[PDB]
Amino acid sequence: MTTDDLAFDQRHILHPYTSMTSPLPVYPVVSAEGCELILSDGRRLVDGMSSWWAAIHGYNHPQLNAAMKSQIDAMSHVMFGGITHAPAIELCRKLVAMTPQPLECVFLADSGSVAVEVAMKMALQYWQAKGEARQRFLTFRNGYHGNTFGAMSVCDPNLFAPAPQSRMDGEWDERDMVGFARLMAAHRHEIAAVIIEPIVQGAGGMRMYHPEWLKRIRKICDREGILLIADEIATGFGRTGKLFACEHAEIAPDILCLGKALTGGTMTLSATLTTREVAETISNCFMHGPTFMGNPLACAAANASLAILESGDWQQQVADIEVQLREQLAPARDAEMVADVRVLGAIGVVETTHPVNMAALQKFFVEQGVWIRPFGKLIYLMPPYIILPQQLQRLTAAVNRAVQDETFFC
C-alpha cells in the first residue's frame, strides 16, 4: 500500500460513523494471524476488539482457513431459492441443537440488522394472522438493534421503557420494573413483541443488567400473550461466559437473532431462529428473501467456527479471560478519568466521566502495539478467546495507562 493509496481512501471511501470532510487517520492493515494485526509498515498489534465482537478465534485460524478453501473448491455461492446444500444444512443443525429446545426453525440472512427486521416482520405477520390490531413494539431505552429503517424504530431515540437500572455484578432492586409495568398496563393490547438485548446492551452503553430482568420480562410475555425477541447478535457464542446470554436467566425467547461471531468473524452472515408456533402461524408464507440467503462460503466458515466451540475449550478460555480482566482492570476504578469498571465474560469495560479524544487515544494505542477502538465515554475490550495471558496483559496495561490522566480525554 502506497501513500497515494491512503489519499484515495480519505477522499473517496466512507468509513463507519465518520465525516467525509474531517476524516481521522485510518491505519492500513495488510494481514493478521493469531491475535495480531499486521500493519503495512510491519508493526504487529495485539487485537483487543475482535473486529467488533466477531473474531472469537482470532485471525488466520487454520480450521477456518481450511474449511473456507475447501468450500471454494466445491462452490462459493449458489442461490437458495429451490435449492439446498451441505454447508447450510450442517450449520442449521448445529444452530438448532445449541440453542433452547423450542428454537428449531432457522431463517439465514446477510446482516444483523436484516436479521432483526426479519424478527420484527415475523412478529407483525404473526398477529395479523390471528386478526389482531398489534403493530407496536416495546423495547428498552439504550438499546441497539441495527442501522436499517425498522431496526432504527426500536433504537434509543413505538414504546420505550427505561433502561434497566439494576446490575449483573450487584443487587436486584424491584423499583426498576415500575416503568415497564406502566407501559405494558397501558398497552398490553397493541403490543406485538418485546425486543431486547439480553444482559448486555452493547452499542447503546455496554450496560450489564441483572438477569432477573429477563426472568421478569419472560413471564409477563407468557401472561399477556406477547412475543419475546432476544437480540443476541453481540452476545452469542460464548462472549458473556455462557453460550447464549439468555442462559443467564434460564429463559428462552420466542425469536432469537444471531450474527457477528457466527462466522468466526471471517465474513458476514446472520440467522434468526424461531418457534414452530410462530413459523407455522405466519405461513397460515413469511415474506422475506435476501439475494445471498444461505451463502455456502459464509455457512462453511460458520460451521468450522461452531466446530471449534463444540470442544468446550472456550468455557475455560472465557472464564480465564474474565478473572484476568477483573484483576487487571480493577486499578482503573482508582484513576481520575474512570466512572465505572464492569466485566462479564470476555467483555471488559472502563466507563469514563468525560468523552475520549479519538485521534489521540487511537495513536497512543497503536504506539503501545495494541489495537483498541473506543466510542464516547467507553474504553472496552472484547478480545478473541485464544488471546494469550501475555497479550491480554498488554491490553489491560494500555487501558490502565490511558485513563491515568486527562491527556486523552474530551
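All residue numbers are counted from 1 along the displayed sequence.
Novice: In terms of residues present in the deposited sequence but not modelled, what lies between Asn284 and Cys285: none, 1 to 3, 4 to 9, or 10 or more?
Specialist: Gap between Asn284 and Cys285: 4 to 9 unmodelled residues.
Novice: Could you tell me how many residues of the deposited sequence sit unmodelled between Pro157 and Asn158 (none, 1 to 3, 4 to 9, 10 or more)?
Specialist: Going from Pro157 to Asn158, the model skips 10 or more residues of the deposited sequence.
Novice: Could you settle it for me: does 350 to 358 or 54 to 62 have the higher average Cα B factor in the PDB entry?
Specialist: Per the PDB record, 350 to 358.
Novice: On average, are the C-alpha B-factors higher in 116 to 124 or in 187 to 195?
Specialist: For C-alpha atoms only, the mean B-factor is higher in 187 to 195.
Novice: For the listed residues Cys105, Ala74, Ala129, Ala245, which one has the largest C-alpha B-factor as given in the deposited model?
Specialist: Checking the PDB record, the top C-alpha B-factor among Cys105, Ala74, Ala129, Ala245 is at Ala129.
Novice: For the listed residues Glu322, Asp110, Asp169, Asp254, which one has the largest C-alpha B-factor as given in the deposited model?
Specialist: Going by the entry's C-alpha B-factors, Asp169 comes out highest.
Novice: Give the position of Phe180 by CA B-factor within its chain, expressed as the lowest, middle or highest third.
Specialist: Highest third of the chain for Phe180's C-alpha B-factor.
Novice: Lowest, middle or highest third: which one holds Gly42 when the chain's residues are ordered by CA B-factor from the entry?
Specialist: Ranked within chain, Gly42 CA B lands in the highest tercile.
Novice: Give the position of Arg333 by CA B-factor within its chain, expressed as the lowest, middle or highest third.
Specialist: Top third by C-alpha B-factor.
Novice: How does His12 rank on Cα B-factor within its chain, lowest, middle or highest third?
Specialist: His12: CA B-factor falls in the lowest third of its chain.
Novice: Test of reading the entry: by CA B factor among the chain's modelled residues, which third contains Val26?
Specialist: Top third by C-alpha B-factor.
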